[PDB]
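# Reading the structure
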Amino acid sequence: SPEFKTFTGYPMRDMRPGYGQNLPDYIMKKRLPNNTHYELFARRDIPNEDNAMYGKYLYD
Amino acid sequence: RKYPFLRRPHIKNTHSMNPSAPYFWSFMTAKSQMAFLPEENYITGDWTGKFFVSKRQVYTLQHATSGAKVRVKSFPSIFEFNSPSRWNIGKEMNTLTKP
Amino acid sequence: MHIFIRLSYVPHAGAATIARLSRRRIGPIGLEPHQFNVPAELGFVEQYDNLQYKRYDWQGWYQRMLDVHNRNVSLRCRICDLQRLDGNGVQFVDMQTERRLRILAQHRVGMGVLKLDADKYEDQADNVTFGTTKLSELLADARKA
Amino acid sequence: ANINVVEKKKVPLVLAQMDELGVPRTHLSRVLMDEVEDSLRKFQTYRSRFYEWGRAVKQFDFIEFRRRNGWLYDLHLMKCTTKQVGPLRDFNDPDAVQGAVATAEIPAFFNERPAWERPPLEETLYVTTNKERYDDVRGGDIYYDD
Amino acid sequence: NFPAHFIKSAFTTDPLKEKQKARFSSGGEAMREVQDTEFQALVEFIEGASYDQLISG
Amino acid sequence: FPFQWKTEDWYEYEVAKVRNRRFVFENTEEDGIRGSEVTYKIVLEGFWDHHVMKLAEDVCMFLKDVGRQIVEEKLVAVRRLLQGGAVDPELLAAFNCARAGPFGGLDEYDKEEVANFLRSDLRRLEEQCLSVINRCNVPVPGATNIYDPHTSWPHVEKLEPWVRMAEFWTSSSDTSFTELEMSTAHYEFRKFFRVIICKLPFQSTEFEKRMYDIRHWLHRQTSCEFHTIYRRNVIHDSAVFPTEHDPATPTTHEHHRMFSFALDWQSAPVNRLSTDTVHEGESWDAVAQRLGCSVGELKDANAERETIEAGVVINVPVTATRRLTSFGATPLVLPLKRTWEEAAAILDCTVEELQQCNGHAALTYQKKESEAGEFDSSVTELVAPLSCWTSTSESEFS
Amino acid sequence: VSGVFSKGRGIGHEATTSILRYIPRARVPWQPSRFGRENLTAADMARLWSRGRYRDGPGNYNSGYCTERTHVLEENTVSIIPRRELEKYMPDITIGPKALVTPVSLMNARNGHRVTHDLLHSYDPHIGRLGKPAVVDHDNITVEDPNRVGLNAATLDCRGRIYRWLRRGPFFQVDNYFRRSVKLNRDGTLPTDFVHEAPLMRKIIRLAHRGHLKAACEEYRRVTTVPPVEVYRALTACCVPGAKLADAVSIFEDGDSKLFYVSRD
Amino acid sequence: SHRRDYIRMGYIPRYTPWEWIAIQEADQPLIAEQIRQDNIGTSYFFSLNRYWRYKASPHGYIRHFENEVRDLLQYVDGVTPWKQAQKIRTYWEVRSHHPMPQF
Amino acid sequence: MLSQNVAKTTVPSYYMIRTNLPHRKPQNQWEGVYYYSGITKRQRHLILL
Amino acid sequence: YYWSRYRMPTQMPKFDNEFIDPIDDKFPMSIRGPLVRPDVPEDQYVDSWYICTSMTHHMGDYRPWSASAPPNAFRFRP
Amino acid sequence: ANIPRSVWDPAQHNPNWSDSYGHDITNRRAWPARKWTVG
Amino acid sequence: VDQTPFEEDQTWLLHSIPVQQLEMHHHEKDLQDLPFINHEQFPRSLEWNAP
Amino acid sequence: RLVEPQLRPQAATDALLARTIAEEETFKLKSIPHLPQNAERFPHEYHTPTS
Amino acid sequence: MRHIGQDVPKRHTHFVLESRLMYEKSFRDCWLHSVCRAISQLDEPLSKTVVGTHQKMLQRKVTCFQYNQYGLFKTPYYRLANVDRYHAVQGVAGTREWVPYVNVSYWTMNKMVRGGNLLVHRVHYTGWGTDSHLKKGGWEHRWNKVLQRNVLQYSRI
Amino acid sequence: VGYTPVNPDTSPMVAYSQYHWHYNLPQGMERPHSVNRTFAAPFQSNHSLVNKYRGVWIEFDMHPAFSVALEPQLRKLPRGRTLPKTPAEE
RNA sequence: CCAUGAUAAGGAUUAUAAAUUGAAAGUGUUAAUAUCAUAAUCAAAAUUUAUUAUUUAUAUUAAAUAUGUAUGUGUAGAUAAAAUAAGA
């Protein structure tokens, strides 16, 4: 509705109270986390920063 | 201290109250009764012996028919489900502990 | 009027060949009567890092992530460009064919432009052929009217 | 450096145009094919090789090759800037002192001293060695040239 | 404990460094590379009303 | 005036305006600012707004010079072509390719007409190149408007920055929740973008290279991404994607189910057989009638064969309307009256595939091939593997 | 002395160590004596590996494979229920090692992986290596893991292995697996004589000669080894009648520059 | 190069000289497939069923994995036995032995 | 021994903990990625022959 | 060394609540003007990081409002 | 040629291109506001 | 057999319709976690227009 | 035509799940009741995940 | 091994390193687990080709395989412990304890902001910030805008 | 400060300190580095070439007429990268 | 077991009149606490364990396990908070 502040022109909700990740419809229409921000974090958020670029022993 | 809804950091803080007669199935169990039993009810590989069954396993008739001892982890060291009965069928072990 | 139409109207194959001659428009061109050359445009994103994700080990997977994120390929084709005579001698899409195509593409058509965004495969090289295949399927089903 | 070397970067473009036009690539002279191969080696790569080029091991192997061949001047991880450049005091308004705001590694020929204000044929007439002092220096100049 | 910063300009210059500094930077090189009190005070004060200055006490 | 509307129309207009944003055809035939062959959008990203602004100005001036050079050389080539040229025989053949023209017959296009069409295209290209050069020669240092498409080429347009607020507690002391909430500060991560648009009336590989190589000399802590929108030609042939009647029994909703795409739907296009085995008694015209194609088309497809023998492998014309489809729906049945090896040999299929396709035969048969032959009586007919099934001229059409 | 391990063994061969001892070795200046994971004995290595996967693997006592008959907790020891008694009320659905390994075509969908194990089994001989180069066998995938080719973050030298694993390029697993599995023979012949795919090659040949190019390509999608030149020859021959020049060029290039120039015929 | 006041007098250029442009362009190679060129067309029956190492791997949603789903189904059917798979029970099958199974 | 292997790292001390000095120089944004496009001094002889 | 870069010394200047200069801060507001920076177009200022002030992306070199609008523009409008 | 000749060839010189200082001096200039005796 | 959307409030109120008792789950917003935990792999502009 | 040309035949998926067919024929699985006896008696307890 | 040589001031910093393995295993086993769960739970017929007892047996075989998958990572992400990579401080996502973009705890983020280690722009502590999406609806509105940019703008052929 | 060293790449303090480039500057290129063109290096991969012949070549440049003539005998003899199983004595 | 930094509490005062819609939030210290640079024998998975700002009477459990105990005429002592798009 353009009369609302949060108007976006796209339906952002499914309007189903009984909706969860367990059901096969959600499984089929969901998005896998491959090559996502999760994958970026899993390799970038290393406790030692100077180990994703190069090995410490090789650099030394 | 407040935490996101249904994302409490405590996992065992859930106190399973006395089972409610009117539902008794849509509470602490699977949302649908046509779903398969969880993995804890089955044996995946060749083990050397289970120390104690987890509390997420559902109760079946074979628990009382086979006669094998079953036990879970609670506030004491261990709790064995002595004197097996048939009234608690289709329910998980967490609903019969009262921590 | 016939002379004016003769001097103005260009066949699809002739126009496509002239485009690839002078304006260097890449793309295969079919000279068979059963083949119809469809003018279309393609859109994609190419990005290469230059700040801190180069010259080291993490650069490779960062670039792979960028390519996978930008794998989308958008193919745009105009209905006015489709409304041309084919090799057989009839209009490639008529009013009924256009109406059927618009019904088949509920939201993929808009402002008179048929847009298909393919994210099917990790690389644009396969996204483009998937988009062309699906557009060919859609055109084959829409010409049924 | 020599800037005309970039003219070989368009060789793959003209080779692609030859393939589009139908001109054989193998119908060229052998010497020109050797130069074309050199140009393609200099300015040609694929996505497969780009996804794994510039690894740490490859860069450090390049550094080791440079060390073996004795050319470590242009390598970022190996270059060391021991000499610095101070400001120039202006005869107008000499009562104000200045200070640095940013530091850049610019080559020597930008601020090289005039030829007449420099010993002639310095490179052969003199031997200059840059080395660090063993004793502690409060003032500075860790690396001095004798 | 506290590192020595030596903010004095006479405690941070030595002849060994000055020998190499003088050749590159000297008076000739710098020259080569570079190009009514009441009324004066009043105009100094009122020039702060420029578009690039502020009125100062 | 005043403006009064209805709510349904207003809602529909707003939603349509929001939806129809990427449905813009950038490369058209219009003269002026819009209308070109290729469109390049360079998005420059920086930590600071003035950084990205100055980078945009520098890249815009560089691309202005490069585009002026490239368009100048293209204009020289266009003028030389317009002065005089030879019509390409391939181009003339391409023009003379429609079986029926816009006048109910062959299109007798000659060199004069093809040259006239080429000249019209070259005149349009010259006008576009002149427009590009004139719009590029405008921005002198005295008066430069880099954001105006008319004033400067290539022009730059703004884009909303990416601002992401982080909200976190700042009290290291593990005091009460109220104190922690009171000690809350807001900081934000910002990223500023500028978009440079180059609309060239032709495809320029050299210009593409010169614009790709700007990432090597971008400003400090600045990145760039490239968007390309170029005209392309797509061939839609009526052979791999033909137009025909809907099947006699239409598919129902049961064919469109969850996981149905991987179970009861092939990936288009479907394999239509181009080879054909001529049958006994079929004549030259009879084969064409059976395949639903003209005799001329059939002989053009197979002209190396003067005559068609009783059994020969010929090539059907590509535009035939009665082409069969591989793996015909009718199953293939083998009657043995005998072992598994013999059945595999006579069906030209592997024994493992035959066993897995039969299924019940494997269950019935014991270890010995003699026992398999004994159970062959109970098993009766054996279903051939799917790879061995053959289509028929009447087992595919209603 | 507070030694963590009572015993240790060398890894170098007795024929080469006795001669190499005369050549001085440059040790690490801040830690000359190095006692890595390889130098551990068999029993110590087994205990350490079992303890490593305490969260998800058999490291937890109740998880399984604990080989201990009683557990002491809360000052009250409790005996262990055996598997024979457990399976009375827990129906066994064990498949064996054949379940953990997925087919080769699922590597791309599983992000360069085949084995569905608790630990990530790298295909390079440098992460899961223990003295010998790391080799992953899909027919012997077991929880006990006689070969320590898996990747866990609780061993003696786990930090470097995790760093190397997280610092990997694209197509690392797929490239390592393909390069190690398929290579040119020392005789110079093409690796196109395998028996596990020969029936598939014959099937593709039959489909191509029958004219089912789509079916032949669909079957070719599932091949794991380098196909023989006959497959490419038949595919191109069956593409000839359809004038499918694009398909013919694509099938030629798929074997020319990618698979040892097999299609160069 | 002729300028001697590059940073001594703060002569920071706001435009990168063509010499530096040429040096930076010639420093790095060019992606061969960065150039778009095709005349044969699109492989309708190929270019997606390629070799597994260089295959057209889908991305994102499960609906794009029609081949992977088929391979997974075939593999699981081959490997798991029905005599073991029949031991999985549903909740209503378990609860049918309850004193009050349904209300 | 060649006189170009300068000791970039300083002498170990408490400075590396007490001060905020970086332990490496920042990456050079305008430095190209190193790649091998040379001749082994023998390929030239081979091609000449 | 790597740290040899971070050793250039800066010489002290040559002379002849907290943080505030009393003489400039206590100047009357109605005379000093309610301004803390030159009144030039705001596009020239960037919020300084780690400092609670606004500096100019061009070091000094302030441009007046008339340097952004067309000549003889009304209210500096385009 | 990687360097357009419109940057070094005097035959393609731009007469209208000013120097690098005049525009900056002019737009830096702030003329006095007392053009008229009132206001 | 199907029913068109109801026209009377009584049908909507008395019909067997549940409410949202657990966390809201979205197929595309399974990533980005929840509001205040919004995740972005790339800091692109929010109104980014794809080609 | 009889049916859609781009339609997978039954044998294609029968080859995909051949062993299931052999096992079901060996074990003589006439049917597998997914719902209990008086399932429709209680219209709210037995809800499928697709309901 | 046990506090002989660790080279780090905080030994808990290895938990981040081992949690990266959890994320990698999730990336490995997300597709298989999701497909198995969908096939097992789906009750309506899969397709025209397979119906009835064949579908029931396929579902039971699929769930048996899924249960036999030992080590398959099937864990909700909110159950994963979040600890900053620099100081091993644990934070709860969805609260001020954790910063999503930096992926560090509140203490680490505050330290890096008070020092010169992160480039952030300070705004008012009790406002919405510069972003128009935040000022025009807040966290949920910016969430929806991010979703619209990422997904709900393509044609999705 | 601290056992963990600061990152000189993303730290605003070191990025905008006196010894580096502030953000209120033109932000142009500092220097046009050219390494590969001044001194290139040969391609030396630690892994062996996967497309080499892995054997000894004989340069079977037989005349075409004789090759056609002796082809039935030559099928037993090895061809390019193909080794038939015909016994040597035969 | 690192003792050292931040935070909590938290205040200052010039704007005459005309015009203009304008020209308008700022912190020491004392305190407590703590995960940082500084002094070896042991907290983070098996959680009961008591940790300030909550839904009160027309309709009340469908999808990750998600609360059965305090109705009592809203009846003490202490404590905190604000002059901020509101209307002392």
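To start, this report covers the structure provided alongside it. (Residues numbered from 1 in each chain as written, not as in the entry; some residues may be left out. Chains lettered and ligands numbered in written order. Part of a larger assembly, values for the part shown. Heavy atoms only, no water. Residues with missing side-chain atoms left out of burial classes, pairs and counts.)

## Some details on the interface of chain C and chain F
Counting residues at the interface gives 69 residues for chain C and 67 residues for chain F. Between chain C and chain F lies a buried interface of about 6,500 Å² when both sides are counted; carbon and sulfur atoms form 55% of it. Applying the counting criterion to the chain C and chain F interface returns 7 salt bridges. One salt bridge in this structure joins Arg 6 of chain C and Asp 107 of chain F, with 3.2 Å as the shortest N-O distance. Our count for the contact surface shared by chain C and chain F stands at 28 residue pairs in polar contact. Listed by contribution, the elements that provide at least two residues to the side of chain C that touches chain F are α1 (2-8), α2 (12-23), β1 (35-47), β2 (73-78), β3 (109-110), β4 (113-118) and α6 (124-142) of chain C. It is β1 of chain C that contributes the most residues to the side of chain C that touches chain F, 13 residues altogether. (Contact = heavy atoms within 4.5 Å. Buried area = accessible area lost by both parts, 1.4 Å probe. Salt bridge = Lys/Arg side-chain N within 4 Å of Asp/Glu carboxyl O. Polar contact = N/O pair within 3.5 Å; in protein donor to acceptor, adjacent residues only side chain to side chain. Helix = DSSP H or I, 4+ residues; strand = E, 2+ residues; numbered from the N terminus.)

## Details of the protein's contact with RNA strand P
RNA strand P sits among 49 residues. The nearest are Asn 22 of chain A, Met 28 and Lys 31 of chain B together with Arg 79 and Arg 114 of chain N. Here, RNA strand P places atoms within 4 Å of the protein, and 59% of those atoms are sugar or phosphate. Here a phosphate oxygen of RNA strand P and a side-chain polar atom of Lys 12 of chain B are 3.2 Å apart. Here the surface near RNA strand P gets 3 residues from one element, more than from any other, and that element is helix α3 (residues 106-114) of chain N. Across the surface near RNA strand P, the residue classes tally to 19 nonpolar, 21 polar and 9 charged. (Near = heavy atom within 4 Å. Nonpolar A, V, L, I, M, F, W, Y, C, P; charged D, E, K, R; others polar.)

## Overview of the interface of chain C and chain H
Taken together, the contact pairs 17 residues of chain C with 20 residues of chain H. Ranking the residues of chain C by area buried against chain H places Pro 28, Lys 120 and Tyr 121 of chain C at the top, with a combined share of 31%. Across the chain C-chain H interface, the total number found is 2 salt bridges. For the salt bridge of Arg 50 of chain H with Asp 126 of chain C, the shortest nitrogen-to-oxygen distance reads 3.1 Å.

## Describing helix α8 (residues 229-239) of chain G
Three or four residues apart is the spacing at which side chains of an α-helix point the same way, because the helix has 3.6 residues per turn. Residues of α8 of chain G that are buried include every one of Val 229, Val 231, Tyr 232, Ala 234, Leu 235, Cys 238 and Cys 239 of chain G, and no others. The inward-facing, buried residues of α8 of chain G contact α6 (198-210), α7 (213-221) and α9 (245-256) of chain G. (Buried < 20%, exposed > 50% of the residue type's maximum accessible area, 1.4 Å probe, protein only.)

## Observations concerning the packing of aromatic side chains
What describes a pair of aromatic rings is the distance from one ring centre to the other and the angle between the planes of the rings. In this structure the tally under the stated criterion is 76 aromatic pairs over all chains. Ring geometry for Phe 65 of chain D versus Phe 39 of chain O: centroids 6.3 Å apart, planes at 80°, classification edge-to-face. Residue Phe 65 of chain D is found in helix α4 (residues 56-69), and its partner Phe 39 of chain O is found in the loop between α1 (12-15) and α2 (64-74); the two belong to separate chains. Among the residues examined, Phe 39 of chain O registers a relative accessible area of 26% and is labelled partly exposed. (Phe/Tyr/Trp six-rings, centres within 6.5 Å; stacked < 30°, edge-to-face > 60°.)

## Details of the nonpolar core
Within the largest apolar cluster, 112 residues are counted, with the highest numbers of intra-cluster contacts made by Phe 259 of chain F, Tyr 220 of chain G, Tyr 51 and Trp 52 of chain H together with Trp 31 and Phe 65 of chain N. Sequence-distant contacts of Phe 65 of chain N, that is, excluding residues within four places in its chain, are made with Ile 95 and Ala 99 of chain G, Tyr 75, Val 76 and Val 79 of chain H together with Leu 32 of chain N. Residues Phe 95, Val 132 and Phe 192 of chain F together with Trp 18 of chain H belong to the second largest nonpolar core, which totals 86 residues. (Core = buried A, V, L, I, M, F, W, Y, C linked by side-chain atoms within 4.5 Å.)

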